[PDB]
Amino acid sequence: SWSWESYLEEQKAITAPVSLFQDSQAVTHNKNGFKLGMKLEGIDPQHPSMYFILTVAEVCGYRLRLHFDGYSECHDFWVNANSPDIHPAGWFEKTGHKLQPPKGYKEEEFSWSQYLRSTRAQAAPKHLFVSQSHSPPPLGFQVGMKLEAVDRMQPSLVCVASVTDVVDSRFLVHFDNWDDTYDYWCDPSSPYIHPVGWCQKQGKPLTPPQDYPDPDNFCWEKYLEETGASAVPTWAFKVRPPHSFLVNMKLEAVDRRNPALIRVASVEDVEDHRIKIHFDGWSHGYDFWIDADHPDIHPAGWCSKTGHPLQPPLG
């Protein structure tokens, strides 16, 4: 009953054109073959470097809710069917990764064939996954290389970092000697990474590894020699152009408080690479910043075309 067309007329508003989004945020014609109970492998959003056995706990449109086998439901999380952060059963074994076992197991004595028999479940068919490590790796980025990275939790901090994982065309950025809980996946065009030496050339403070001896006398050349690591080469960095979203443009965005819901939204403010989302009809107290390439923002009509409910403006 609620329609974008009517709403736009009503508000004398415009939608953010589909051209402003990445193809993966816009595609609506792909079918979601995931079914309840199917098992697979995937990264823990809270520990991006770790892989766990997951089960499809719910399906809604082109999205699915995943559950950490053996764990409580409050670890549950939602992803889109085209997420590059989930993989087919057996992926870890085939790509040299480590798989954390279900709470109640030793990865040491874990095998899919049998876990499946023991749970009388089916593994999600591999043709559904966009990432299976068949595609080309990011050019110039290899596990072990070092670089400088913005701690997206503390934007004022640019720190000494390392590439700790590489999957399909993305890599994992880790903050040297810090918790894996500040790590994040990204690609060569990320505006949050810079080559070794960037802070120095920019007159900005570089945060060295935690507890590095004599912190303010940190020398990259020295650190690279101590670790024998290479710096990601400068040619590998290809930062993306700033986005073209304009204030007042409307779109759809997953609700950050209740991930199951997606609401009608508007662009409240903008920066070169992030937009500030406002949920129509709600308090601006809920407005939040989000990267323009985040998988949870979509153009108007995404919910309708994918079969997902859309929450109309609060009234």
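The numbering used is simple: start at 1 and walk along the sequence shown.
For the pair 200-208 and 228-236, the record assigns the higher mean C-alpha temperature factor to 200-208. Look at the C-alpha B-factors of 9-17 and of 293-301. On average they run higher in 9-17. The entry assigns its greatest Cα B factor, within the set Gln142, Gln132, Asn82, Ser190, to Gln132. Reading the B-factor column for the CA atoms of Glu148, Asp165, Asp180, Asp76 in the entry, the top value corresponds to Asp180. When the CA B factors of the chain's modelled residues are split into thirds, the value for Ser266 lands in the lowest one. Sort the modelled residues of the chain by CA B factor and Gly285 lands in the highest third. The PDB entry assigns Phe171 a C-alpha temperature factor belonging to the lowest third of its chain's modelled residues. Per the deposited record, the Cα B-factor of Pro138 falls in the highest third when ranked against the other modelled residues of its chain.
Sorting the modelled residues of the chain by their CA temperature factor places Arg257 in the highest third.
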